[PDB]
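One structure is given here, and the rest of the page talks about it.
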Amino acid sequence: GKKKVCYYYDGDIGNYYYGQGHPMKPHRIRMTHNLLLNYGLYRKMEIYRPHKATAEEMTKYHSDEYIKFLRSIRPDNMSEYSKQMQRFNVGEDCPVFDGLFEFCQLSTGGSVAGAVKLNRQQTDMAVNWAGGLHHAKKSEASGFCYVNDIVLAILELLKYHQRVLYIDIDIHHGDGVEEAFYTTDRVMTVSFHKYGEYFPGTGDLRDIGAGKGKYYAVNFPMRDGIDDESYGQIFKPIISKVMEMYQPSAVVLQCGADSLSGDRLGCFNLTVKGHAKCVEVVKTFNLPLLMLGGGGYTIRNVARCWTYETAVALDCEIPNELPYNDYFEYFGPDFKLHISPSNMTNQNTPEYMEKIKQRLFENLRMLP
Ligand SMILES: O=C(N[C@@H](CCCCNC(=O)c1c(O)cccc1F)c1ncc(-c2ccc3ccccc3c2)[nH]1)c1cncs1
Ligand SMILES: [Ca+2]
Ligand SMILES: [Ca+2]
Ligand SMILES: [Zn+2]
């Protein structure tokens, strides 16, 4: 039936700024929050302001040296850290900005807090749109990500769940999460992403895990222009097979919105309905579920996507006509919630989609 939803947000998150021209805009989280508030979605969920995750909480995954670096570096002292900046990949993509550490603490706090709430059986779903920073590694920032809130949240879920399923619908391969759990069967990672001359370069169909983790990493490589139809040919059949074989007791779903049509950095052609159908499919299994954010660079579409996915989590129908809100002008010229796909060519033929699905089904037959 209808599920209980806990939503994590800190009103300060929208004030963090990556710098002039940087495509990552934390303000998109504030736009999402304001839109879902104006739709009245606050009357149906418990809203929490997560704590600032401590350096000690972050070192459950990250190295002590890397976390100490993040907690020490500032724009005014950067010149003294040129050596560590190179070592930790802090530079162009992952710049030093005012409040960087606090931004990491809030993004991480929401994911860990949601995982604790699910562990305590006090909610069916927990949502942290400021999380989903799948590219961060043990001792390295990457792809606009510094602290891997997902890995930390999964480590929290593993305290009470034998098997945790991680699903990632961001356009980019979920590399940091896949690497963290590559040699264990206690987490299955499933990533659907653009593959081929594309960041971060990993996520080949043939990357299936190693040691005890062999067959517990699943990668669905895609070409430009995937549409709702192509994604629909494979998402439910693959997730259904994974649920059947793996039988997880908790699920983490990364909902990166850079897989939407019209994204500034992405090259996919999903609509908000197509992207949200993934949330509907996963939610249907009725398992404890942590929903996280991720990429997304056409910020009016990110706000639409995550507002609609919050309504999907709540089983709440909302009108296509947008309510008035603090960012109303960003949603012109139509002022509607849903988006139309572009005319871009879908390079993922129906035959290619079925063929990759069949190769993944062969690997899933290898689970015990
Ligand atoms: O291609 C490389 N970088 C990629 C990284 C894209 C990472 C995407 N991350 C997410 O989508 C993501 C996610 O999936 C989940 C959670 C959070 C996330 F952020 C890149 N695309 C564009 C730029 C860009 C453009 C303009 C700039 C202007 C000012 C300063 C820096 C700018 C950076 N950077 C390379 C690096 N080193 C060698 S090649
Ligand atoms: Ca992905
Ligand atoms: Ca694994
Ligand atoms: Zn991304």
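When reading the values below, keep in mind they use all heavy atoms of this one structure, side chains included, and skip hydrogens, waters and symmetry mates. Read the numbers this way: they start at 1 and go in the same order the structure lists the ligands and their atoms. Residue numbers count from 1 along this sequence.
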- Message: Test your reading of the structure: does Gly21 have an N or O sitting under 3.5 Å from an N or O of ligand 1?
- Response: no
- Message: Out of all atoms in ligand 1, which are within 4.0 Å of some heavy atom of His172? Include the element for each.
- Response: 8 (C), 10 (C), 11 (O), 14 (O)
- Message: Are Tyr146 and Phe103 an aromatic pair, judged by ring center distance below 6.0 Å?
- Response: no
- Message: Please name the atom of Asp170, limited to N, O or S, that comes nearest to the Zn ion (ligand 4).
- Response: OD1
- Item | Heavy-atom side-chain contact between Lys52 and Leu106 under 4.5 Å | yes
- Which ligand 1 atoms does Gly132 reach within 4.0 Å, using its non-hydrogen atoms? 15 (C), 16 (C)
- Message: Distance under 4.0 Å to a non-hydrogen atom of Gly294: what atoms of ligand 1 satisfy this?
- Response: 15 (C), 16 (C)
- Note on the structure: Taking only non-hydrogen atoms of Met24 and a 4.0 Å limit, the atoms of ligand 1 in range are 17 (C), 18 (C), 19 (F)
- Item | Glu57 side chain near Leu152 side chain, heavy-atom distance below 4.5 Å | no
- Message: Tell me the closest heavy-atom pair linking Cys6 and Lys117, and the distance in Å.
- Response: SG-CE, 3.8 Å
- Give a yes/no verdict on whether any heavy atom in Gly256 is under 4.0 Å from an atom of ligand 1. no
- Message: Looking only at the side chains, is there a donor atom on one of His134 and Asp175 sitting less than 3.5 Å from an acceptor on the other?
- Response: no
- Query: Please walk me through it: do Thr123 and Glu46 pass side-chain contact (heavy atoms from CB on, under 4.5 Å)?
  - Reply: CA-CA 9 Å; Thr123 196; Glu46 299 198 349; over 6 Å; no
- Item | Heteroatom of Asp258 nearest to the Zn ion (ligand 4) (N, O or S, atom name) | OD2
- Item | Closest to atom 20 (C) of ligand 1 (judged by heavy-atom distance), picking from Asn148, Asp168, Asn89, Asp93 | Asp93
- Message: Please verify the inter-ring angle class for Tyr16 with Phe97; under 30° counts as parallel, over 60° as perpendicular, anything in between as tilted.
- Response: tilted
- ligand 1 to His134, heavy atom cutoff 4.0 Å, flagged ligand atoms 13 (C), 14 (O), 15 (C)
- Within the side chain of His172, is there an N or O that forms a donor-acceptor pair under 3.5 Å with the backbone of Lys194? no
- Heavy-atom closest contact (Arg163 atom, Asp185 atom, distance): CG-O, 4.4 Å
- Task: State whether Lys357 and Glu354 are salt-bridged, where the test is any N-O pair (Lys NZ or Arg NE/NH1/NH2 against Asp/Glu carboxylate O) under 4.0 Å.
- Result: yes
- Query: So, for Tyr166 and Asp168, which heavy atoms are closest and what is the spacing to 0.1 Å?
  - Reply: OH-OD2, 2.6 Å
- Query: Do ligand 1 and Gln254 have nitrogen or oxygen atoms that lie under 3.5 Å from each other?
  - Reply: no
- Among N, O or S atoms, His172 approaches the Zn ion (ligand 4) most closely through ND1
- At a 4.0 Å threshold, what atoms of ligand 1 neighbour a non-hydrogen atom of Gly143? 7 (C), 8 (C), 9 (N), 10 (C), 12 (C), 18 (C), 19 (F)
- Message: Is the contact between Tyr297 and ligand 1 made by the side chain, the backbone, both, or neither, using heavy atoms and a 4.0 Å cut-off?
- Response: side chain
- Take the Ca ion (ligand 2) as the vertex and measure to OG of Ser191 and O of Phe192; round to 10°. 100°
- Item | Donor on one side chain, acceptor on other, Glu229 and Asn346, under 3.5 Å | no
- Message: Parallel, tilted or perpendicular: which one describes the rings of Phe192 and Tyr231, with boundaries at 30° and 60°?
- Response: tilted
- Query: With backbone taken as N, CA, C and O and side chain as the heavy atoms from C-beta onward, which portion of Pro23 lies under 4.0 Å from ligand 1: side chain, backbone, both, or neither?
  - Reply: side chain
- Task: Return yes when at least one N/O/S atom of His134 is nearer than 2.8 Å to the Zn ion (ligand 4), and no when none is.
- Result: no
- Per residue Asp170, nearest N, O or S atom to the Ca ion (ligand 2) is named O
- Message: Suppose I only count heavy atoms of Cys145 and a 4.0 Å limit; which atoms of ligand 1 are within that range?
- Response: 16 (C), 17 (C), 18 (C)
- Task: Could you tell me which atoms of ligand 1, counted from 1 in the order shown, lie closer than 4.0 angstrom to a heavy atom of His22?
- Result: 28 (C), 29 (C), 30 (C), 31 (C)
- Message: Checking one value in my table: which N/O/S atom of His172 lies closest to the Ca ion (ligand 2)?
- Response: O
